[PDB]
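Just one chain is shown here, as structure tokens, and it is the form deposited in one PDB entry.
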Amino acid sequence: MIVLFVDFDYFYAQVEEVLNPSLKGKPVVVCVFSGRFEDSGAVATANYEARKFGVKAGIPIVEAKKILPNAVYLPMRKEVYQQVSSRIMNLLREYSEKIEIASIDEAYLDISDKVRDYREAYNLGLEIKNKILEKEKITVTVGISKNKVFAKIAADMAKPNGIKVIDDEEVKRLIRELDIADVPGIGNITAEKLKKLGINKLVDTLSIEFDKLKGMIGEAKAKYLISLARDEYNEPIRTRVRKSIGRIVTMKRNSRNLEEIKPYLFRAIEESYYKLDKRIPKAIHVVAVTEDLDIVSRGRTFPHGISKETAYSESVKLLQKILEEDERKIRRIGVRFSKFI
């Protein structure tokens, strides 16, 4: 198996650089403004000229504006990035049919039946990089290895605008001397949680006992890291479909008033059904972010599709169930639909 991984570099910010070439060379920060005070929100994407000064995705906008006060701060236009991303994805499927779109800015290509060795794959990645650059002016990073995890690791090491092949020998080497926190799927919570057991490298998960690792980081991520340490990970490249569509809005003013929250919730439903397009959902969940930024959610699955009018009635019932079983105020309210037909 030879998997090729393509990751669009700082995608959100690069599309803004492409749509306005006056921005390249300058620090660019793509933000999400909730709309409470003037600069309330978070950073979604920052280019590398902004990441060098500590501006990274996740931090508040005012924390970014304290570091780079005159950097270019633009609002996030997800609909634009999704259309550009879909165009690039269509270029990728001309190189292989077995494609796994993992996110808006990355996809896995199974080029086992198109390429003999890692040299042919490296030359294929160079042509994929040039094509994306020629047709969309977007630079990507290419990772090639024996499975999806190490193909993504290759791109993680050579980003941005890079290419890297991890052969069978470097895999066994990376198993011993790669930080466990830089394994795909290992976020911050599991990483710090893994440091509390001395687990710093991938090889160390074998020298521990399974039930100890299972009770701490969960059985799922336990078997995941074990299979990688045994060099037995070989998950296939499968077509990924979108399973959930929802929209959450930050309400102006916190509230526990049903009539005050309903307009936001009904607005969230309308925008959710518009993005649903022809998809008919059978499950609906009402989710609320409390004043202390905690999340509470109530759901309900139907034996049939949910019409928009049914979603209106059921969402009020679920939101009432939230207010009945939690006494905190609500800061953000929203809905999510799943279990399509």
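The term rigid core refers to the maximal set of C-alpha atoms that superpose within 1.5 Å between the two forms. Quick note: we count residues from 1 along the sequence shown, nothing fancier.
Chemist: Would you determine, from the values in the PDB entry, which of 152-160 and 214-222 has the greater average C-alpha temperature factor?
Modeler: Per the PDB entry, the higher value belongs to 214-222.
Chemist: Which of the two stretches, 298-306 or 58-66, shows the higher mean Cα temperature factor in the record?
Modeler: The stretch with the larger average C-alpha B-factor is 58-66.
Chemist: Quick one: which of 105, 209, 136, 100 has the biggest Cα B-factor according to the entry?
Modeler: So the option with the highest C-alpha B-factor is 209.
Chemist: Check where residue 77 lands among this chain's C-alpha B-factors and tell me if it's the lowest, middle or highest third.
Modeler: For residue 77, whose C-alpha B-factor we compare with every modelled residue in the chain, the answer is the lowest third.
Chemist: By the record's CA B-factor, is residue 22 among the lowest, middle or highest third of residues in the chain?
Modeler: Tercile = highest for this residue's CA B-factor.
Chemist: Could you look up the Cα B-factor of residue 317 in the entry and say which third of the chain it sits in: lowest, middle or highest?
Modeler: According to the entry, residue 317 has a C-alpha B-factor in the chain's lowest third.
Chemist: So where's residue 122 on the chain's Cα temperature factor ranking, which third?
Modeler: Within its chain, residue 122 is a lowest-third residue by C-alpha B-factor, going by the deposited values.
Chemist: If you rank the chain by CA B-factor, which third does residue 45 end up in: lowest, middle or highest?
Modeler: Lowest third.
Beyond the structure shown, there is the form deposited in another entry, which is absent from this document and is the topic of what follows.
Chemist: Please find the residue from 124, 228, 194, 268 showing a Cα shift of 2 angstroms or more between the shown form and the other one, rigid core superposed.
Modeler: Everything else stays below 2 Å; the exception is 194.
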